[PDB]
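What follows is my_file.cif (mmCIF, C-alpha atoms).
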data_coords
loop_
_atom_site.label_atom_id
_atom_site.label_comp_id
_atom_site.auth_asym_id
_atom_site.auth_seq_id
_atom_site.Cartn_x
_atom_site.Cartn_y
_atom_site.Cartn_z
CA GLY U 11 145.11 60.66 66.93
CA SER U 12 142.37 58.04 67.31
CA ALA U 13 142.48 57.47 63.54
CA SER U 14 145.67 55.56 64.31
CA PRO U 15 145.63 52.47 66.58
CA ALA U 16 149.16 53.15 67.84
CA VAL U 17 148.44 56.83 68.47
CA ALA U 18 145.26 55.83 70.30
CA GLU U 19 147.45 53.67 72.53
CA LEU U 20 149.99 56.46 72.95
CA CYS U 21 147.11 58.68 74.08
CA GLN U 22 146.64 56.33 77.04
CA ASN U 23 149.49 58.07 78.87
CA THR U 24 149.65 61.05 81.20
CA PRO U 25 150.26 64.47 79.52
CA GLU U 26 153.98 64.88 80.31
CA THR U 27 154.84 61.39 79.09
CA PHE U 28 152.72 61.82 75.97
CA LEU U 29 154.39 65.12 75.14
CA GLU U 30 157.87 63.73 75.77
CA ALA U 31 157.38 60.60 73.65
CA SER U 32 155.52 62.42 70.88
CA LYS U 33 158.22 65.09 70.62
CA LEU U 34 160.86 62.41 70.03
CA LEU U 35 158.61 60.55 67.58
CA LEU U 36 158.11 63.73 65.55
CA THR U 37 161.85 64.36 65.57
CA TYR U 38 162.60 60.91 64.15
CA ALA U 39 159.98 61.32 61.42
CA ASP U 40 161.05 64.87 60.59
CA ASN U 41 164.72 63.93 60.24
CA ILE U 42 163.89 61.41 57.54
CA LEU U 43 161.41 63.75 55.85
CA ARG U 44 164.05 66.49 55.82
CA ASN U 45 166.72 64.21 54.31
CA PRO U 46 165.19 60.95 52.97
CA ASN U 47 168.49 59.90 51.39
CA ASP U 48 170.62 59.88 54.56
CA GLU U 49 170.83 56.41 56.12
CA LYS U 50 171.80 57.89 59.49
CA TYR U 51 168.21 59.01 60.09
CA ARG U 52 166.84 55.63 59.04
CA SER U 53 168.32 53.73 61.97
CA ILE U 54 167.56 54.13 65.67
CA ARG U 55 169.70 52.17 68.09
CA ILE U 56 167.48 50.47 70.68
CA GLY U 57 170.11 51.16 73.34
CA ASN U 58 170.11 54.88 72.53
CA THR U 59 169.54 57.05 75.63
CA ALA U 60 166.52 58.93 74.27
CA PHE U 61 164.85 55.88 72.73
CA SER U 62 165.37 53.60 75.73
CA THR U 63 164.21 56.11 78.35
CA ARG U 64 161.44 57.97 76.51
CA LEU U 65 159.87 55.45 74.12
CA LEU U 66 160.69 51.84 74.97
CA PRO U 67 158.87 51.93 78.34
CA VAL U 68 155.92 53.99 77.07
CA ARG U 69 152.69 52.36 75.92
CA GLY U 70 152.06 52.97 72.21
CA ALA U 71 155.36 54.77 71.56
CA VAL U 72 157.30 52.12 69.66
CA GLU U 73 154.07 51.02 67.96
CA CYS U 74 153.90 54.49 66.38
CA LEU U 75 157.32 53.95 64.83
CA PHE U 76 156.11 50.66 63.38
CA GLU U 77 153.05 52.34 61.89
CA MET U 78 155.37 54.97 60.39
CA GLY U 79 157.27 52.22 58.61
CA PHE U 80 160.11 51.28 60.98
CA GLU U 81 160.95 47.60 61.46
CA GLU U 82 162.57 46.11 64.55
CA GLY U 83 165.92 44.39 64.31
CA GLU U 84 168.24 42.90 66.91
CA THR U 85 169.87 46.21 67.84
CA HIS U 86 168.12 48.88 65.76
CA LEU U 87 164.75 49.99 64.46
CA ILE U 88 165.20 50.46 60.71
CA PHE U 89 163.21 52.53 58.21
CA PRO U 90 163.71 50.59 54.92
CA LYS U 91 164.65 52.44 51.74
CA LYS U 92 161.42 51.05 50.25
CA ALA U 93 159.24 52.37 53.08
CA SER U 94 156.64 54.95 52.06
CA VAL U 95 157.44 58.53 53.05
CA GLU U 96 153.74 59.34 52.59
CA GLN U 97 152.87 56.79 55.29
CA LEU U 98 155.58 58.29 57.51
CA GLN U 99 154.03 61.75 57.11
CA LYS U 100 150.53 60.38 57.75
CA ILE U 101 151.44 59.01 61.18
CA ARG U 102 153.57 62.07 61.90
CA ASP U 103 150.47 64.26 61.46
CA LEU U 104 148.22 61.99 63.52
CA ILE U 105 150.65 62.31 66.42
CA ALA U 106 151.11 66.07 66.06
CA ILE U 107 147.42 66.93 66.22
CA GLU U 108 147.17 65.27 69.65
CA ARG U 109 149.82 67.38 71.40
#
Any chance you could give the structure as structure tokens?
Amino acid sequence: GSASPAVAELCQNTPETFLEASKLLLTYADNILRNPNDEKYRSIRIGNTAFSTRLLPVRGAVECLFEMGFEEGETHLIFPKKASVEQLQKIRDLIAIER
């Protein structure tokens, strides 16, 4: 939680919103951790229903993805092939312990 600036920001949300955003964040991280060699899990379309309605408008949500290693592009958030999976897991854990 507080050990992460983005998670600390995410914590500044009501319970239901925090749980909803954090669940999706954990799903994105877990998909990559489950299959780190599948490019499908390394791209999140900004216009995606879940992303646009549960993360984009929530304080700290997208920032957590950036701390995980995602980078923002014109239409997608991308987790580079060079991005550290250890860092991804670190932020994943910091989010999980706050649910």
Evaluate the PyMOL selection byres ((chain U and resi 73) around 9) and report residues as a PyMOL selection string: chain U and resi 15-17+19-20+69-72+74-78
What do you get, as a ChimeraX atom specification, if you spell out every residue that the PyMOL selection byres ((chain U and resi 23-29) around 10) selects here? /U:17-22,30-35,64-65,68-71,105-106,108-109
Same residues, C-alpha atoms, saved as a PDB file, keeping the file's coordinate frame:
ATOM      1  CA  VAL U  17     148.440  56.830  68.470  1.00  0.00           C
ATOM      2  CA  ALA U  18     145.260  55.830  70.300  1.00  0.00           C
ATOM      3  CA  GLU U  19     147.450  53.670  72.530  1.00  0.00           C
ATOM      4  CA  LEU U  20     149.990  56.460  72.950  1.00  0.00           C
ATOM      5  CA  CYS U  21     147.110  58.680  74.080  1.00  0.00           C
ATOM      6  CA  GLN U  22     146.640  56.330  77.040  1.00  0.00           C
ATOM      7  CA  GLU U  30     157.870  63.730  75.770  1.00  0.00           C
ATOM      8  CA  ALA U  31     157.380  60.600  73.650  1.00  0.00           C
ATOM      9  CA  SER U  32     155.520  62.420  70.880  1.00  0.00           C
ATOM     10  CA  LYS U  33     158.220  65.090  70.620  1.00  0.00           C
ATOM     11  CA  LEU U  34     160.860  62.410  70.030  1.00  0.00           C
ATOM     12  CA  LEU U  35     158.610  60.550  67.580  1.00  0.00           C
ATOM     13  CA  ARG U  64     161.440  57.970  76.510  1.00  0.00           C
ATOM     14  CA  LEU U  65     159.870  55.450  74.120  1.00  0.00           C
ATOM     15  CA  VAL U  68     155.920  53.990  77.070  1.00  0.00           C
ATOM     16  CA  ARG U  69     152.690  52.360  75.920  1.00  0.00           C
ATOM     17  CA  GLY U  70     152.060  52.970  72.210  1.00  0.00           C
ATOM     18  CA  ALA U  71     155.360  54.770  71.560  1.00  0.00           C
ATOM     19  CA  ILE U 105     150.650  62.310  66.420  1.00  0.00           C
ATOM     20  CA  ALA U 106     151.110  66.070  66.060  1.00  0.00           C
ATOM     21  CA  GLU U 108     147.170  65.270  69.650  1.00  0.00           C
ATOM     22  CA  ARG U 109     149.820  67.380  71.400  1.00  0.00           C
TER      23      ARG U 109
END
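Interatomic distance, atom CA of residue 57 of chain U to atom CA of residue 14 of chain U: 26.4 Å.
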Do you know which residues the PyMOL selection byres ((chain U and resi 99) around 10) returns on this file, as an mmCIF file with C-alpha atoms, keeping the file's coordinate frame?
data_model
loop_
_atom_site.group_PDB
_atom_site.id
_atom_site.type_symbol
_atom_site.label_atom_id
_atom_site.label_comp_id
_atom_site.auth_asym_id
_atom_site.auth_seq_id
_atom_site.Cartn_x
_atom_site.Cartn_y
_atom_site.Cartn_z
ATOM 1 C CA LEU U 36 158.110 63.730 65.550
ATOM 2 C CA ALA U 39 159.980 61.320 61.420
ATOM 3 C CA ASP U 40 161.050 64.870 60.590
ATOM 4 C CA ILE U 42 163.890 61.410 57.540
ATOM 5 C CA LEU U 43 161.410 63.750 55.850
ATOM 6 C CA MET U 78 155.370 54.970 60.390
ATOM 7 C CA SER U 94 156.640 54.950 52.060
ATOM 8 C CA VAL U 95 157.440 58.530 53.050
ATOM 9 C CA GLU U 96 153.740 59.340 52.590
ATOM 10 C CA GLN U 97 152.870 56.790 55.290
ATOM 11 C CA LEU U 98 155.580 58.290 57.510
ATOM 12 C CA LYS U 100 150.530 60.380 57.750
ATOM 13 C CA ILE U 101 151.440 59.010 61.180
ATOM 14 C CA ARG U 102 153.570 62.070 61.900
ATOM 15 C CA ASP U 103 150.470 64.260 61.460
ATOM 16 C CA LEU U 104 148.220 61.990 63.520
ATOM 17 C CA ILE U 105 150.650 62.310 66.420
#
For segment 60-70 of chain U, take all atoms listed in the file, fit an axis-aligned box around them, add 4 Å to each of the six sides, then output centre and edge lengths in Å rounded to one decimal, as JSON.
{"center_x": 159.3, "center_y": 55.4, "center_z": 75.3, "size_x": 22.5, "size_y": 15.1, "size_z": 14.1}
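Proximity of U:12, U:107, U:82, U:38 to residue 52 of chain U, computed with only C-alpha atoms, is greatest for U:38.
Take the candidates U:53, U:67, U:79, U:92 and check each one against residue 41 of chain U using all atoms listed in the file; the shortest distance goes to U:53.
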Quick one, how far is atom CA of residue 13 of chain U from atom CA of residue 87 of chain U? 23.5 Å
Quick one: residues within 8 Å of residue 54 of chain U, only C-alpha atoms, excluding same-chain residues fewer than 5 positions away - as a ChimeraX atom specification? /U:61,86-88
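Atom CA of residue 45 of chain U lies 25.5 Å from atom CA of residue 63 of chain U.
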